[PDB]
Structures are given as structure tokens and as C-alpha cells.
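**Q** what shape does this take:
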Amino acid sequence: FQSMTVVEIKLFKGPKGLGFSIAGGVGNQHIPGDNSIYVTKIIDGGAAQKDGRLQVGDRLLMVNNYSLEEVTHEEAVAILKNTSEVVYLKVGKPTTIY
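**A** Residues are numbered from 1 along each chain as shown. Let me share the structure:
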């Protein structure tokens, strides 16, 4: 009934960044039993919102070749901070099977 669809999303940073926040990581789980990195908020007017594709609850899988599989929150954050203007996100979207 539930699955994941993997999508590639390219964002261009605005002056206020990509326009989203994250939670999760090994030792700082967003969801019980699950170490993945999740999008927790999408800022109105921000790059991610305007682009239209990223959604709250989506899993961040990779950023510019850097894996976010089984990373700490701090490793994730450093990856997100390390970015310049153009950012390629590999995203896992929760999906319902009909």
C-alpha cells in the first residue's frame, strides 16, 4: 500500500538559501526506527516552494553526490551548508499504491 518514488530535484539557491529545514539522522531519529533525513518545513516564497517539487515528509537521499544514507544530523547539515548556488537533490517521496 505504501512505497517510495525516487525523484531528482535541481534547486537554485535564493539569497535566503534553498528554503527548507530537515530533521533526522542516526542518533537523532526523526521517526522511530528510521535514521533517514527528512524535510520538515518548506519556506513560503523560497526556492524549494517556488520550484514546487519538494514536499514536507520527503526523504533526502543524496545531495550533489554526497549520500545521506545512515548519516548523523550533523553530517547532513554540513553537506547542506557545503553547497553553492546549484544543488541536485535525490529525494524519496512517500507513495500510496492503488
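**Q** C-alpha only now, for contacts and for neighbours.
**A** Fine.
**Q** which residues in the protein form helices?
**A** Taking DSSP state H as the criterion, the chain carries its helices at 47-51, 73-81.
**Q** turn the ones you listed into TSV, columns for mean neighbour count.
**A** TSV is the format used below for the helices of the chain (neighbours: other Cα atoms under 10 Å):
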stretch	mean neighbour count
helix 47-51	18
helix 73-81	16
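**Q** now these in a markdown table, with distance to residue 95?
**A** What follows is those, written out as a markdown table (distance: least, Cα to Cα, whole Å):
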| stretch | distance to residue 95 |
| --- | --- |
| helix 47-51 | 20 |
| helix 73-81 | 24 |
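**Q** nearest to residue 62, out of the ones you listed?
**A** Proximity to residue 62, assessed across the helices of the chain by Cα to Cα, is greatest for helix 73-81 (9.4 Å).
**Q** what's in contact with the closest one?
**A** Residues outside helix 73-81 that contact it (Cα atoms under 8 Å, 6 or more residues apart in numbering): 23-26, 28, 37, 63, 66, 68.
**Q** sorry, back to before: closest to residue 98 out of the helices of the chain?
**A** Among these, the nearest to residue 98 by Cα to Cα is helix 47-51 (27.1 Å).
**Q** what residue in this structure is the furthest from its centre?
**A** The centre of the chain is farthest from one residue, residue 98, which by Cα atoms, centre = their mean lies 25.5 Å away.
**Q** quick one: contacts for that one?
**A** residue 1.
**Q** one more pass at 7 Å, please.
**A** For residue 98, no contacting residues are found, by Cα atoms under 7 Å, 6 or more residues apart in numbering.
**Q** one more: residue 14?
**A** residue 47 are the contacts of residue 14 under Cα under 7 Å, 6+ apart.
**Q** how about 8 Å then?
**A** Contacts of residue 14 by Cα under 8 Å, 6+ apart are 46-47, 85.
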